[PDB]
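Take a look at the structure below.
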Amino acid sequence: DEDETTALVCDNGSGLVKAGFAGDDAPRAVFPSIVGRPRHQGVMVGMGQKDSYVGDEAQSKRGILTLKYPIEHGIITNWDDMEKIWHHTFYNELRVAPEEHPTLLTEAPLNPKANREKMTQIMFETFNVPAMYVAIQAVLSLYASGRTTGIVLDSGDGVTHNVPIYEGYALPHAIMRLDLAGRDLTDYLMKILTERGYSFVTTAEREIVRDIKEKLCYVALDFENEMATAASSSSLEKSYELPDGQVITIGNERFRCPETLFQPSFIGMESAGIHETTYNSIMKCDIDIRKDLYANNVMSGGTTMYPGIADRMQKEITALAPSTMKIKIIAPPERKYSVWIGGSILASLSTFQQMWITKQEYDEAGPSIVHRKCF
Amino acid sequence: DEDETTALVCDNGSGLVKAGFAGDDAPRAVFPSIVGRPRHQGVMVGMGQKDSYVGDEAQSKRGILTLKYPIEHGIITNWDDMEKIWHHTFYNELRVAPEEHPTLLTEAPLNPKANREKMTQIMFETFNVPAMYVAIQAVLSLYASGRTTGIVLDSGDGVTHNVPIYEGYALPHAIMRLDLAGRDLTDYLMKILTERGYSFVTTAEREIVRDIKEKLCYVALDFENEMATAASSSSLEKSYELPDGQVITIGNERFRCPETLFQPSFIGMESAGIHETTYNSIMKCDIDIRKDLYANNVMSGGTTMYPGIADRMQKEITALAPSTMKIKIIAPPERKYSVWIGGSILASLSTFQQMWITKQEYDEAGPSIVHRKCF
Amino acid sequence: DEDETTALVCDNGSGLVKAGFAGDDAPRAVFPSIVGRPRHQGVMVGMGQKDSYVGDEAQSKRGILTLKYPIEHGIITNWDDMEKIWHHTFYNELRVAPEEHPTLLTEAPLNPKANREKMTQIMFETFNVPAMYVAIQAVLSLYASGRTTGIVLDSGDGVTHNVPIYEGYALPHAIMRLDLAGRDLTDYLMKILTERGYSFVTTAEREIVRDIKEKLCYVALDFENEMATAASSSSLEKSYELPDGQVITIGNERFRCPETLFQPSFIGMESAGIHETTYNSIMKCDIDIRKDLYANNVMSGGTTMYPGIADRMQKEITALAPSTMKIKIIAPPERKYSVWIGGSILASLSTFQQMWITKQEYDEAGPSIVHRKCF
Ligand SMILES: Nc1ncnc2c1ncn2[C@@H]1O[C@H](COP(=O)(O)OP(=O)(O)O)[C@@H](O)[C@H]1O
Ligand SMILES: Nc1ncnc2c1ncn2[C@@H]1O[C@H](COP(=O)(O)OP(=O)(O)O)[C@@H](O)[C@H]1O
Ligand SMILES: Nc1ncnc2c1ncn2[C@@H]1O[C@H](COP(=O)(O)OP(=O)(O)O)[C@@H](O)[C@H]1O
């Protein structure tokens, strides 16, 4: 609180907002992106509740609330709800006066121009920021990495991409999309557990299943052989206590759930699994740069956090590639916050501080400015 | 009683067993699935009563008895009780020697493998059937229909499903579940009648309320406008004589009870009403097959028997679908026995007689056989 | 069905088989070249479906099926699938007995010798044709035209060529290749529509986009000025109803998609646009024959069907050529079937009937015969 200034790095996630100050090593505020007020709301004797805050309160308030994601699949679809999320971010989580900070916002891949313009309009008109930037989330991640060359497999919450990069450039024609990512894997685990006679269907039960997924699932060494071991499997049958206190047993569901990344037909997806899309992406590049891609396969995103994933990707890529090809899979430790960190590096870039968009630019060429000939 | 043979078609319902001979047009035996013996049992001077027969005796014996459904929510949960129901089916209702007849059994959606194996074990070991098949009840219904394409709304006793079908295949990812169906509507009518100062709480009173529901409830043309007419409603106020002989008056409860299918929040269900699930199911299918689904919405199940339901579904679907979409609701007349009829067609399928499971198959690969690579 | 005979003219296209009788004015059978069976195949209650017929059934059966082209990029790559396509052609579409008809087959430019030999082996051994010929598809088209001199721009489904011709001879060193053609333009329209927030990614969605392309795209008068008019463009914003019934709006995508033929960098292609390749081809010819080429630029192929293409080519060629050069663009009306018609003329050539290849020639010098010293 003086001269200088930082850069409000707000990564608008499909399920979680990550926000903080440029220059910090990780976001200081992480809260669910949802909207929820009592679904039954039966009055009582007073009030003192906040209608649809969701954020952190919701979670801990599981069972009372309803949820909505105004950013459900990564694109913002409800501006009144998004204004509530940004107000919460600035005033309740970070506890800042937004008019004192240049703010860098992230946007999903394929975000419409008109959507970026509405984001810009709200920042300047509603929150009175002195400036702002919009950054592409994949791009920020790439930034955080620091690798000019290599092929990234980025699997997050709602989408997975394979992005080959040569000298810093995402050759746009090589990238392929997959709908599936963590949101789909949590829904599939709810369904397969419901196969055993359990019942996980409510909003609260979804949260419970997301926790089972993140704590007990793993990727097999070989799907077929893991299924065969399931028979005499005395390991798989882990126990998990529900908040009600009942204890369920989870066995082959531990590896059947994430097997979907390699076999999208488990959820009905025709798409090619992540090892096939990696190969298909490398084959859309020049033959010449393929050796550099094969030796620099970088994993990113929350859904690449499973133990065993790098070794499995090494095995599968080795099976598809030429016999003399050197293959290397890199996974950065704390991948998931790779998107926020790239934003932090960019926003905290004094040297490229002219890329931030300003109140004068917005007034001159409206918000589009932050879209036409920059970010 | 000679060569050839029929197929024992036993549809194990949550509230009613439907059983008969393959090839008959409808089941010859329909009896409540319950277990009940005197709750007070005060001896007397002799016996000559059957402990927990339930079946038909129970009903007519209302007030003395207790009830249990070993198939309460569609999945068999008590094998000693289920053995009693099957013994009653074979020896008391159909009056057959089970060792002379291949028998097709039905099972609920999501029935565990181990449950199908126990059903199979009992048929072969306890009843000595020469063969048997297990069939999926929804599937049998689909079979009875005869429509390859279209979206079915099947509302029965304990569950309601929306199932889109293209060329005979239930695209498994499109189907959505609802807990609510007729069991819930009877419980809700007991509760709302208890609001007027009446008291319907016992087992006998539940049966009385199920009769009021089936004889006097109806679905409104528009819920809001029907409530508004309730004021000057001189029609609604129908009379119903209780077995005690008192006469109650039923008015807006006639349409408030089934309104729950369209507004599950009446019983506290967050779920989306049946018109919303229909739309949500069609939107999980390819855009291309949607025109075929919209023109082939087939209603099935006992809870789709209300007069007015097809016209209301036509109105609601028309309001959600594109303006140029051709919408058609089909309701087969005697829907409820749609499940038994599909079983009868399948079981009575000489041409597919190799799908029946045999005593040799059970002995070789145990009962699982009737589960792994068939039904 | 008597003496004489016709010539089975089968044009094996990358996406469509065109087949018929020599002497007919157009092919009597046109069906997609694909292979597809249920991707989900969920059994049901019977069969009566044909595993991977594709042909016409597929299309109308959009959403159920998968596709494969055994001729994906013009060269046949799977002989078991190709045998199915030829069986369908003869027995289901044309309804002929192939052993009664000399059959002329077409092959892509640069088809390997061994591939032509395998085509020949199948015709004689599998279908028992009395004779057969293999013809080069470009060549057949040239044949259909009837112009000895001039430079043809032939843009079809998977490839575009510029072919200068002087007295009937394709000076082989002048011809240049382009990967891009209609297959690429349909893929690019799917991608650019997905930019607006729509989602066209499935096999069924590809077919939908191919229809939007063929019905609503057009080539601009000037790309830069058309983009500038897009702003106040109230024309562009045509509506298109999807099979689901939703209605999308298409605007600048109408001309951005085919702009790729003139600017291959839109899809990442370094190649020179079709006006530059025309000029580059004319400059590889003698200076002396250039006046004849400039006055005889003939358009051929499905991708030259856009309204406005001849006028745009006249404008662009005029801008590159010497000021006193007479420039004329010819487009034959029903260009697309230009390949089949050339085959029909050739095959129906009684006078050159000795060029057909016979069962004795195949037995003597194997199939190669139809390759070494003829077609
Ligand atoms: N340790 C972990 N193991 C597996 N999945 C994880 C782990 N940590 C986070 N995830 C999942 O990663 C997803 C979030 O990843 P993220 O990269 O932030 O996604 P997005 O950027 O698409 O919002 C969620 O589905 C979450 O459950
Ligand atoms: N005419 C009717 N009107 C309304 N509900 C009916 C009618 N006939 C039967 N039902 C109800 O339908 C339900 C039984 O339907 P059914 O399809 O057999 O269910 P399930 O297969 O789930 O056992 C019961 O709740 C019953 O009261
Ligand atoms: N009227 C049209 N306008 C634009 N493209 C068209 C038209 N008719 C056909 N096409 C396209 O032309 C291509 C087929 O042309 P064709 O000459 O048969 O190709 P090929 O011989 O390479 O198989 C397809 O991409 C198709 O969509």
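Numbers run from 1 along the shown chain.
According to its header, the structure was obtained by electron microscopy, 28.4 Å.
Cβ atoms are placed via backbone N, Cα and C, with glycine included.
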Which range, A:46-58, A:150-162, A:358-370, does Swiss-Prot list as region 'Interaction with alpha-actinin'? A:358-370
Expected hit for region 'Interaction with alpha-actinin' in Swiss-Prot across A:96-109, A:110-123 is A:110-123
Write down the residue from A:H73, A:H275 that Swiss-Prot flags as tele-methylhistidine. A:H73
I'd like the Cβ neighbour count for A:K61 (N6-malonyllysine), meaning other Cβ atoms within 10 Å of its Cβ, all protein chains included. 15
Using DSSP, what is the helix/strand/coil residue split across the region 'Interaction with alpha-actinin' (A:358-370)? 9 helix, 1 strand, 3 coil
Taking DSSP helix as H, G and I and strand as E and B, the region 'Interaction with alpha-actinin' (A:110-123) has 11 helix, 0 strand, 3 coil
Using C-alpha atoms only, work out the spacing between A:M44 (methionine (R)-sulfoxide) and A:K61 (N6-malonyllysine) and round it to an integer in Å. 17
What does DSSP assign A:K84 (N6-methyllysine), in three states? helix
Lying 6 or more residues past either end of the region 'Interaction with alpha-actinin' (A:110-123) yet within Cβ distance under 8 Å of it, the residues of that chain are 75-76, 79, 82-83, 86, 103, 129, 132, 134, 357, 362, 366-371
A:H73 (tele-methylhistidine) versus modified residues A:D1, A:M47, A:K61, A:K84, A:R177 - nearest by Cα: A:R177
The rounded CA-CA distance in Å from A:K84 (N6-methyllysine) to A:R177 (ADP-ribosylarginine) is 30
Position of peak Cβ density within 10 Å, selected from the modified residues A:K84, A:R177: A:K84
